[PDB]
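> Sending over start05.pdb (PDB, C-alpha atoms (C1' of nucleotides) and all ligand atoms).
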```
ATOM      1  CA  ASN T  34     -61.599-187.933 228.802
ATOM      2  CA  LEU T  35     -60.197-186.108 231.877
ATOM      3  CA  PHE T  36     -63.432-184.302 232.658
ATOM      4  CA  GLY T  37     -64.170-181.618 235.246
ATOM      5  CA  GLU T  38     -66.917-180.583 237.657
ATOM      6  CA  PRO T  39     -70.368-182.217 237.388
ATOM      7  CA  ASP T  40     -72.813-179.317 237.533
ATOM      8  CA  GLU T  41     -76.151-178.056 236.240
ATOM      9  CA  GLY T  42     -76.236-175.728 233.239
ATOM     10  CA  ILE T  43     -78.431-174.688 230.331
ATOM     11  CA  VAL T  44     -77.686-175.961 226.816
ATOM     12  CA  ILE T  45     -77.719-173.048 224.360
ATOM     13  CA  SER T  46     -78.015-174.955 221.081
ATOM     14  CA  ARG T  47     -77.626-178.283 219.277
ATOM     15  CA  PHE T  48     -74.991-179.010 216.630
ATOM     16  CA  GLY T  49     -75.022-182.790 216.267
ATOM     17  CA  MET T  50     -71.376-183.561 217.045
ATOM     18  CA  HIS T  51     -71.371-181.040 219.906
ATOM     19  CA  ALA T  52     -73.536-178.544 221.748
ATOM     20  CA  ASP T  53     -73.267-175.074 223.258
ATOM     21  CA  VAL T  54     -73.673-175.138 227.052
ATOM     22  CA  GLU T  55     -74.182-172.026 229.156
ATOM     23  CA  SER T  56     -72.894-172.332 232.718
ATOM     24  CA  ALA T  57     -74.512-171.000 235.900
ATOM     25  CA  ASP T  58     -73.233-167.442 235.290
ATOM     26  CA  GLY T  59     -73.389-166.683 231.548
ATOM     27  CA  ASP T  60     -70.319-168.359 230.030
ATOM     28  CA  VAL T  61     -70.600-169.711 226.477
ATOM     29  CA  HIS T  62     -68.790-173.072 226.695
ATOM     30  CA  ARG T  63     -69.231-175.600 223.890
ATOM     31  CA  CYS T  64     -69.249-179.308 224.770
ATOM     32  CA  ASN T  65     -69.773-182.627 223.036
ATOM     33  CA  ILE T  66     -72.322-185.232 224.166
ATOM     34  CA  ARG T  67     -72.445-188.745 225.608
ATOM     35  CA  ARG T  68     -73.045-191.693 223.266
ATOM     36  CA  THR T  69     -75.928-193.127 225.334
ATOM     37  CA  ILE T  70     -77.948-189.881 225.145
ATOM     38  CA  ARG T  71     -81.172-190.580 223.265
ATOM     39  CA  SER T  72     -81.926-186.901 222.523
ATOM     40  CA  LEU T  73     -80.749-183.407 223.408
ATOM     41  CA  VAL T  74     -82.716-180.252 222.655
ATOM     42  CA  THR T  75     -82.378-176.478 222.891
ATOM     43  CA  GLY T  76     -82.651-175.138 226.424
ATOM     44  CA  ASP T  77     -82.370-178.432 228.318
ATOM     45  CA  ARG T  78     -80.769-178.437 231.762
ATOM     46  CA  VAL T  79     -78.135-181.187 231.906
ATOM     47  CA  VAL T  80     -75.330-182.651 234.011
ATOM     48  CA  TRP T  81     -72.017-181.882 232.336
ATOM     49  CA  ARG T  82     -68.279-181.538 232.992
ATOM     50  CA  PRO T  83     -66.124-178.919 231.215
ATOM     51  CA  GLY T  84     -63.241-181.240 230.258
ATOM     52  CA  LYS T  85     -59.799-180.051 231.332
ATOM     53  CA  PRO T  86     -57.769-177.163 229.853
ATOM     54  CA  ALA T  87     -54.698-178.535 228.074
ATOM     55  CA  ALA T  88     -53.128-175.096 227.872
ATOM     56  CA  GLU T  89     -53.601-172.993 231.003
ATOM     57  CA  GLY T  90     -56.776-171.029 230.304
ATOM     58  CA  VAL T  91     -57.294-172.447 226.791
ATOM     59  CA  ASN T  92     -59.685-175.403 226.651
ATOM     60  CA  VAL T  93     -61.447-176.849 223.595
ATOM     61  CA  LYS T  94     -64.576-178.687 224.801
ATOM     62  CA  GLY T  95     -66.186-180.508 227.688
ATOM     63  CA  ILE T  96     -68.745-183.310 227.719
ATOM     64  CA  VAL T  97     -72.461-183.487 228.549
ATOM     65  CA  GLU T  98     -72.956-186.636 230.624
ATOM     66  CA  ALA T  99     -76.580-186.868 231.747
ATOM     67  CA  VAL T 100     -79.938-185.297 230.888
ATOM     68  CA  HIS T 101     -82.505-184.248 233.487
ATOM     69  CA  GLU T 102     -86.223-184.977 233.305
ATOM     70  CA  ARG T 103     -88.468-183.058 230.921
ATOM     71  CA  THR T 104     -91.034-180.518 232.066
ATOM     72  CA  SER T 105     -92.518-180.225 228.569
ATOM     73  CA  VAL T 106     -91.572-181.675 225.182
ATOM     74  CA  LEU T 107     -92.390-180.696 221.576
ATOM     75  CA  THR T 108     -92.730-183.999 219.700
ATOM     76  CA  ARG T 109     -93.666-183.702 216.020
ATOM     77  CA  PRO T 110     -93.374-186.787 213.771
ATOM     78  CA  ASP T 111     -92.288-186.787 210.139
ATOM     79  CA  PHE T 112     -92.353-189.109 207.116
ATOM     80  CA  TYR T 113     -89.242-191.355 207.094
ATOM     81  CA  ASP T 114     -87.794-189.475 210.103
ATOM     82  CA  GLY T 115     -89.926-190.594 213.045
ATOM     83  CA  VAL T 116     -90.993-188.730 216.147
ATOM     84  CA  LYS T 117     -88.365-186.080 216.919
ATOM     85  CA  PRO T 118     -88.428-183.591 219.817
ATOM     86  CA  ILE T 119     -87.560-180.043 218.775
ATOM     87  CA  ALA T 120     -87.517-178.083 222.040
ATOM     88  CA  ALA T 121     -88.525-178.814 225.624
ATOM     89  CA  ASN T 122     -88.900-177.471 229.183
ATOM     90  CA  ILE T 123     -91.091-174.469 228.371
ATOM     91  CA  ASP T 124     -94.245-172.815 229.739
ATOM     92  CA  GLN T 125     -95.322-170.515 226.881
ATOM     93  CA  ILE T 126     -95.219-170.606 223.076
ATOM     94  CA  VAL T 127     -95.835-167.543 220.893
ATOM     95  CA  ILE T 128     -97.242-168.263 217.432
ATOM     96  CA  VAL T 129     -95.618-165.611 215.227
ATOM     97  CA  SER T 130     -96.904-164.949 211.714
ATOM     98  CA  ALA T 131     -96.840-162.182 209.122
ATOM     99  CA  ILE T 132     -99.195-160.939 206.427
ATOM    100  CA  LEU T 133     -96.441-161.561 203.858
ATOM    101  CA  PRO T 134     -96.085-163.919 202.030
ATOM    102  CA  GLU T 135     -99.391-165.413 203.253
ATOM    103  CA  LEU T 136    -101.490-165.461 206.423
ATOM    104  CA  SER T 137    -103.237-168.814 206.562
ATOM    105  CA  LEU T 138    -105.614-170.067 209.234
TER     106      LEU T 138
ATOM    107  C1'   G S   1      22.312-148.364 169.548
ATOM    108  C1'   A S   2      19.452-153.177 169.919
ATOM    109  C1'   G S   3      16.442-154.954 173.778
ATOM    110  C1'   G S   4      13.936-154.880 178.539
ATOM    111  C1'   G S   5      11.395-152.795 182.820
ATOM    112  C1'   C S   6       8.190-148.988 184.860
ATOM    113  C1'   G S   7       4.238-145.740 183.632
ATOM    114  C1'   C S   8       0.117-144.355 180.466
ATOM    115  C1'   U S   9      -3.714-145.801 177.010
ATOM    116  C1'   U S  10      -6.901-149.498 174.427
ATOM    117  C1'   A S  11      -9.520-154.470 173.684
ATOM    118  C1'   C S  12     -11.723-158.526 176.564
ATOM    119  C1'   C S  13     -14.199-159.076 181.289
ATOM    120  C1'   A S  14     -15.935-160.496 187.051
ATOM    121  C1'   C S  15     -18.282-157.633 190.774
ATOM    122  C1'   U S  16     -21.320-153.296 190.944
ATOM    123  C1'   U S  17     -25.842-149.082 189.234
ATOM    124  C1'   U S  18     -30.322-147.411 186.761
ATOM    125  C1'   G S  19     -34.436-148.383 183.490
ATOM    126  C1'   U S  20     -37.763-152.361 182.434
ATOM    127  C1'   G S  21     -39.177-157.709 181.539
ATOM    128  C1'   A S  22     -39.682-163.347 182.234
ATOM    129  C1'   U S  23     -39.535-167.102 186.095
ATOM    130  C1'   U S  24     -39.659-169.213 191.471
ATOM    131  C1'   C S  25     -40.544-169.456 196.873
ATOM    132  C1'   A S  26     -42.352-167.461 201.491
ATOM    133  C1'   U S  27     -46.085-164.169 203.418
ATOM    134  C1'   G S  28     -50.955-162.581 202.249
ATOM    135  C1'   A S  29     -56.781-158.997 203.663
ATOM    136  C1'   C S  30     -60.325-161.352 201.035
ATOM    137  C1'   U S  31     -62.507-165.126 198.106
ATOM    138  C1'   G S  32     -63.762-169.908 195.135
ATOM    139  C1'   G S  33     -65.323-174.748 195.909
ATOM    140  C1'   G S  34     -64.667-179.792 197.594
ATOM    141  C1'   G S  35     -63.991-183.599 201.287
ATOM    142  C1'   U S  36     -64.543-185.576 206.286
ATOM    143  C1'   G S  37     -69.012-185.530 210.172
ATOM    144  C1'   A S  38     -74.214-191.966 213.776
ATOM    145  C1'   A S  39     -77.592-188.934 216.098
ATOM    146  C1'   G S  40     -79.016-180.877 214.132
ATOM    147  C1'   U S  41     -82.824-178.311 211.222
ATOM    148  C1'   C S  42     -85.316-178.350 206.324
ATOM    149  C1'   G S  43     -87.908-181.335 202.785
ATOM    150  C1'   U S  44     -89.135-186.542 200.245
ATOM    151  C1'   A S  45     -85.456-186.701 195.116
ATOM    152  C1'   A S  46     -84.134-191.574 193.447
ATOM    153  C1'   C S  47     -84.447-197.440 194.249
ATOM    154  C1'   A S  48     -91.489-200.911 192.857
ATOM    155  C1'   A S  49     -95.217-198.301 187.359
ATOM    156  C1'   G S  50     -90.836-195.422 194.369
ATOM    157  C1'   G S  51     -96.662-192.845 193.912
ATOM    158  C1'   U S  52     -95.671-187.005 187.169
ATOM    159  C1'   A S  53     -91.120-194.021 184.261
ATOM    160  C1'   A S  54     -85.929-193.082 184.977
ATOM    161  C1'   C S  55     -81.409-191.265 182.695
ATOM    162  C1'   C S  56     -77.842-188.469 179.221
ATOM    163  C1'   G S  57     -76.925-183.642 176.554
ATOM    164  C1'   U S  58     -78.558-178.593 176.371
ATOM    165  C1'   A S  59     -81.320-173.600 177.817
ATOM    166  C1'   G S  60     -84.337-171.320 181.670
ATOM    167  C1'   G S  61     -86.341-171.360 186.722
ATOM    168  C1'   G S  62     -86.034-171.172 192.269
ATOM    169  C1'   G S  63     -83.409-172.129 199.984
ATOM    170  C1'   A S  64     -82.284-176.948 198.320
ATOM    171  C1'   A S  65     -83.165-182.216 196.947
ATOM    172  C1'   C S  66     -85.079-180.755 191.953
ATOM    173  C1'   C S  67     -88.605-178.889 188.038
ATOM    174  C1'   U S  68     -90.126-177.505 183.037
ATOM    175  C1'   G S  69     -88.788-176.935 177.375
ATOM    176  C1'   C S  70     -86.318-179.573 173.103
ATOM    177  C1'   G S  71     -84.066-184.220 171.261
ATOM    178  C1'   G S  72     -82.153-189.203 172.173
ATOM    179  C1'   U S  73     -81.767-194.059 174.674
ATOM    180  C1'   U S  74     -83.822-198.555 177.333
ATOM    181  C1'   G S  75     -79.579-199.134 181.764
ATOM    182  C1'   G S  76     -88.495-198.980 182.355
ATOM    183  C1'   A S  77     -93.221-201.547 184.547
ATOM    184  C1'   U S  78     -97.815-202.895 182.184
ATOM    185  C1'   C S  79     -98.073-204.845 177.258
ATOM    186  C1'   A S  80    -100.524-207.143 171.809
TER     187        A S  80
HETATM  188 MG    MG G   1     -89.505-189.034 195.705
HETATM  189 MG    MG G   2     -89.828-190.842 189.990
HETATM  190 MG    MG G   3     -87.883-188.430 176.601
END
```
Using structure tokens, write down the structure that the file contains.
Ligand SMILES: [Mg+2]
Ligand SMILES: [Mg+2]
Ligand SMILES: [Mg+2]

Amino acid sequence: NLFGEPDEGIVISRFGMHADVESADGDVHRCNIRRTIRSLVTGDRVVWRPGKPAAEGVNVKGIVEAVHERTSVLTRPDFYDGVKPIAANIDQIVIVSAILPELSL
RNA sequence: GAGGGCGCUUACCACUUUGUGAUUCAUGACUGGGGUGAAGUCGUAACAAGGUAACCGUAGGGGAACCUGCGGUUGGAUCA
């Protein structure tokens, strides 16, 4: 509770109970998520509020309220897990492989 | 003179010093796991004969669930 400014920022990573949200200038600021969010992926622009600092300058987390629309999505299903998106909102993928241990086709 | 006091010395002994032990708390780089986590990734182990029957004990293997070897049990299906 006692949230801050609703703004647009880029989510750095996903950690289940919380997420890392980069602001509009390059500030690593970890936040938790809203209960009604169906999914949150790496690199998804969101609407979020950075809580409120309890100590002056020292805050713990904020919240991520809403999720914008998807440009792309990477949905891959799995046995006994269902269809799960991995990453989203991307224009180019680079398939990276190595000759070790194997190079399959 | 007898005797006493003072003073000195000795025995006992508190505090105090060194050497070196046992025990206890606080601090403590680092490090060993374990628990609590609905949505995170990795796999599909077990529960049906759960798709190589499972499990216990022991040795080895490898991100991991686990696997194989030896022996035991039915807390196993199908049974003749
Ligand atoms: Mg299995
Ligand atoms: Mg089995
Ligand atoms: Mg056996």
> Which residues form the shell of 10 Å around ligand MG 3 (chain G) when you count all atoms listed in the file, given as a list in words?
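Using all atoms listed in the file, everything at most 10 Å from ligand MG 3 (chain G) comes to residues 54, 55, 70, 71, 72 and 73 of chain S.
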> Residues within 10 Å of ligand MG 1 (chain G) (all atoms listed in the file), as a list in words?
residues 44, 45, 46, 47, 50, 51 and 65 of chain S
> For stretch 95-102 of chain T, work out the shell of residues within 9 Å, counting only C-alpha atoms (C1' of nucleotides) and skipping chain neighbours fewer than 6 positions away, then give it as a PyMOL selection string.
chain T and resi 34+36-37+39+51-52+54+62-70+72-73+77-85+122
> Please evaluate the PyMOL selection byres ((chain T) within 9 of (chain S)) against the structure above and give the resulting residues as a list in words.
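Selected by the PyMOL selection byres ((chain T) within 9 of (chain S)) in this file: residues 47, 48, 49, 50, 68, 71, 72, 112 and 113 of chain T.
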> Please measure the separation of atom CA of residue T:76 and atom CA of residue T:109, giving the value in Å to one decimal.
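Computed distance, atom CA of residue T:76 to atom CA of residue T:109, equals 17.4 Å.
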> Run through the PyMOL selection byres (((chain T and resi 42) around 6) and not hetatm) on the given coordinates and return the selected residues as a list in words.
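When the PyMOL selection byres (((chain T and resi 42) around 6) and not hetatm) is applied to the shown file, the picked residues are residues 41, 43, 55, 56, 57, 78 and 79 of chain T.
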> Take the residues that were just selected and, keeping C-alpha atoms, output them as a PDB file, in the frame of the given file.

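Final output, saved to result30.pdb:
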```pdb
ATOM      1  CA  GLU T  41     -76.151-178.056 236.240  1.00  0.00           C
ATOM      2  CA  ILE T  43     -78.431-174.688 230.331  1.00  0.00           C
ATOM      3  CA  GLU T  55     -74.182-172.026 229.156  1.00  0.00           C
ATOM      4  CA  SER T  56     -72.894-172.332 232.718  1.00  0.00           C
ATOM      5  CA  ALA T  57     -74.512-171.000 235.900  1.00  0.00           C
ATOM      6  CA  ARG T  78     -80.769-178.437 231.762  1.00  0.00           C
ATOM      7  CA  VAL T  79     -78.135-181.187 231.906  1.00  0.00           C
TER       8      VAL T  79
END
```
> How many Å separate atom CA of residue T:128 from atom CA of residue T:105?
17.0 Å
> Between atom CA of residue T:60 and atom CA of residue T:119, what is the distance in Å, rounded to a tenth?
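Calculated distance between atom CA of residue T:60 and atom CA of residue T:119 is 23.7 Å.
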> Counting only C-alpha atoms (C1' of nucleotides) and all ligand atoms, which of S:78, S:9, S:52, S:20 gets nearest to ligand MG 2 (chain G)?
S:52
> Identify all residues satisfying the PyMOL selection byres (((chain T and resi 124) around 12) and not hetatm) in the given file; provide them as a PyMOL selection string.
chain T and resi 103-107+120-123+125-127
> How big is the axis-aligned box around all listed atoms of stretch 116-123 of chain T once 6 Å goes on each side, and where's its centre, in Å to one decimal, as JSON?

```
{"center_x": -89.3, "center_y": -181.6, "center_z": 222.7, "size_x": 15.6, "size_y": 26.3, "size_z": 25.0}
```
> Identify which of the residues S:53, S:25, S:8, S:77 lies closest to ligand MG 2 (chain G), counting only C-alpha atoms (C1' of nucleotides) and all ligand atoms when measuring atom-to-atom distances.
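Selected residue with least distance to ligand MG 2 (chain G): S:53.
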